[PDB]
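A short worksheet on the structure shown next.
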Amino acid sequence: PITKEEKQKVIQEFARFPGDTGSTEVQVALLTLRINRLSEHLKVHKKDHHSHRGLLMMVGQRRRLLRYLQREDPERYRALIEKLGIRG
Amino acid sequence: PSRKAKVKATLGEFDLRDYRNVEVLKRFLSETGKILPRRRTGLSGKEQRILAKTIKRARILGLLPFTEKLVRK
Amino acid sequence: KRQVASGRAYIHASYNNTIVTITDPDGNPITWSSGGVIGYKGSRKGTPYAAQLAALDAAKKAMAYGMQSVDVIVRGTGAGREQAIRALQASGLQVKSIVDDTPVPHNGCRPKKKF
Amino acid sequence: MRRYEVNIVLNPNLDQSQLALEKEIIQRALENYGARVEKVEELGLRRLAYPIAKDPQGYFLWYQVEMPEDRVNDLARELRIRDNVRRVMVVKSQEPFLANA
RNA sequence: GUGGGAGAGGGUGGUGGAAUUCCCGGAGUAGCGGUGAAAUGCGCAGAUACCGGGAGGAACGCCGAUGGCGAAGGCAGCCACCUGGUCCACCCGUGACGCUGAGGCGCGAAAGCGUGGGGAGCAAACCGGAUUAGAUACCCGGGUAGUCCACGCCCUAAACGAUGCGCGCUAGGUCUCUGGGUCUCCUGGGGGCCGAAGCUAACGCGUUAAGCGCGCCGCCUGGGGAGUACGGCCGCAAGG
């Protein structure tokens, strides 16, 4: 499971300014963590249809935000994917 | 009536999670090896829930029985 | 004659017939008596009287082996479980203690139509 | 890593020399799977409620270790190898829940 | 975001005891078993009841609730790992990023289909026993598929709260699971019963609304004929 140790690391990695815990950048960053963590767990345990939902949900949320990005500053979005590595 | 005497009333401070403390648990088992109902234990919704799991453990470490025989009938 | 004082008396009750087996301290049966062995053959065995008889003639065969003390073991619910015990308690045998160790599953074989 | 309680039960009819033999193993098998022991209570012989492997008594061991998350199930696998060690049980160390106090 | 909490929520590996059947040994006789009665069946190759030993599959008493969890189907022995949902407190961070949701994609009880494994108990069909005017049944003794496992398909249902999702608003009383609090009382989320206003054809509903309202989807428009016919789509087939 994800640890505080690893999680806060991710934040510090994306936050716009020191001392910030909740911004799109961050919001998204974090999901992706869980998602990847989830995905990897779904390569095994293909019988876990339950966690498979929460997944779709997470993904639902993820894209829900990025759409919000393409709305306000595109500059920020264009740069977020490169820093995460999305699309496909 | 079941208004005999609850096991919580006649007992002291004791850890619910120490599954090795047989001297106590035994107090929570019937004349048979079964687990006393809440009406008898004196415990709470949460306590009993735990005490439940704990016994099933000590059972496994051959400490507490799974079922006894009866002395009368 | 084999001289085996003090033994065990298993009482196996049913809803179709009650029996008794008298075993030795170690657990080996000496003489066993049912209900259909007395004379009765059907609906009759379930009767408490049937059990009474089954119990008594089962001790008379033990007194032959000099049986004196006995621990009673009951198996199940039948019709006249009691009368069987109360029987031995008057047959002439010293009754140590009555034990109930009727076999209850902890949920295993899926029982058949009539539960 | 996480905290654990390691319940190991083995043959009661073991003599001085034989007993300390099995402990040595248990011991060596722990450092093998990276488990620092913080403490250990040796209760010893206690009458079982039921007979395990035909024998009415058992030697009792307890081991509060601090080992790897990913290697817990394995740690027992090895433990459950000696034809003498009859019972094994590892538990996460849970903050003791008082009652009737 | 940080700090707490509860749970049969899911997945994998493991492991515990009861009981059952079978096998072996011990001891021991004449029946056992089953029914309203009975018989079919099993026993002198020695059954039954009893002790000890072994194998194996299924399931998991008590705790267990008028309880919990989950989107539903559904979920309860214990343990460890992997994993989803959720609630509370602080009010910290973003700044409206929200609700709904044709088609689509995924999930989807039971039975049932393919290949393989497995098979203790139970048991469609089938084989006998009895019942009866008769019995292709209800009862009794057997018993194959199946029921358990894996991978794959099937996708329906009294799949029911027979009550779409989401937000606000409108007396309370009481019981209960669960979190915070200055904790004989306050405060949040959930499950029940009674009940104001109100609604309702009535029964009933009633801050878990079937009340007052806004958004958005779904559906109904006499009974039978029919969930049939035709057509298309799906499926290995059964069929949907």
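For the structure tokens, the naming scheme is as follows: chains receive sequential letters (A, B, ...) according to their order of presentation, residues are indexed from 1 within each chain, and ligands are indexed from 1 in presentation order.
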For this session: Fewer than 4 positions away in the same chain doesn't count, so skip those; otherwise give me all residues within 12 Å of residue A:3, counting only C-alpha atoms (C1' of nucleotides), as a ChimeraX atom specification.
Result: /A:7-10,33-34,37 /D:1
Problem set entry | Residues of chain D within 12 Å of chain B, counting only C-alpha atoms, as a VMD selection string | chain D and resid 5 to 10 41 43 45 to 53 55 to 62 86 to 101
Which residues of chain E come within 6 Å of chain B, and what is each one's closest atom pair and distance in Å (one decimal), counting only C-alpha atoms (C1' of nucleotides), sorted by chain and residue number, as CSV?
```
residue,atom,partner,partner_atom,distance
E:16,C1',B:60,CA,5.8
E:62,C1',B:34,CA,4.7
E:63,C1',B:52,CA,5.3
```
Chain C residues near chain B within 6 Å, closest pair each, using only C-alpha atoms, as a tab-separated table:
```
residue	atom	partner	partner_atom	distance
C:98	CA	B:72	CA	5.3
C:99	CA	B:71	CA	5.3
C:100	CA	B:70	CA	4.6
C:101	CA	B:69	CA	5.0
```
If you keep N, CA and C atoms, can you produce a file of those selected residues as a compact mmCIF listing (two decimals), in the first residue's frame?
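See out-v6.txt below for the written result:
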```
# COMPACT_ATOMS: atom_id res chain seq x y z
N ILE C 98 -23.72 -39.10 34.28
CA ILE C 98 -24.36 -39.02 32.99
C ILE C 98 -23.65 -37.99 32.12
N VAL C 99 -23.33 -38.41 30.91
CA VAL C 99 -22.62 -37.58 29.96
C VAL C 99 -23.45 -37.36 28.72
N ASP C 100 -23.45 -36.13 28.24
CA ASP C 100 -24.16 -35.81 27.02
C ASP C 100 -23.12 -35.39 26.02
N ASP C 101 -22.94 -36.21 24.99
CA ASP C 101 -21.98 -35.85 23.96
C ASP C 101 -22.61 -36.23 22.66
```
